[PDB]
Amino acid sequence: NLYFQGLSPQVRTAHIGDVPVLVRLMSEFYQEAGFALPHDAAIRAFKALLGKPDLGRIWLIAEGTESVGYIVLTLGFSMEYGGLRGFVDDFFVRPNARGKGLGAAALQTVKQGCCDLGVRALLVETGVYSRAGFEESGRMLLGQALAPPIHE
């Protein structure tokens, strides 16, 4: 199939004016998991990231006249690669918009963005991912919170 027939044009860069829609989408994403998302905290986070491109990038996933999803890339240095690595830090497609290939398109867009930026690797914390070239790393992830998460 040809480019215009596919879903790549449906994934677009997000701007400051998109914050209200991004907040709604993140709120839906959180509600689906049974969490309440404070609107101030969400606004703060999206504005912080949009205000400093060095931190990463956000794309919205469009269908008709609506954004029906979004994906967030965050960036950090990696000694293993001697350069930046990226994370698919958050990724949401509305339930009604799933199973249409939008998620796959979003991941391809982020991967292309990474290559364009000279990003050396792309990771995600967790089907759609496997087909996008994400495979299990085999590394045990440890952590500790130093502050409450955003939904608190």
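In case it trips you up, residue 1 is the first one in the sequence shown, and so on.
Coordinates are absent for 4 to 9 residues of the deposited sequence placed between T126 and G127. Set 104 to 112 against 61 to 69 and average the Cα temperature factors; 61 to 69 ends up higher. The question of which stretch, 81 to 89 or 36 to 44, has the higher mean Cα B factor is settled in favour of 36 to 44.
The entry assigns its greatest Cα B factor, within the set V21, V11, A132, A14, to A132. When the modelled residues of the chain are ordered by C-alpha B-factor, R120 sits in the lowest third.
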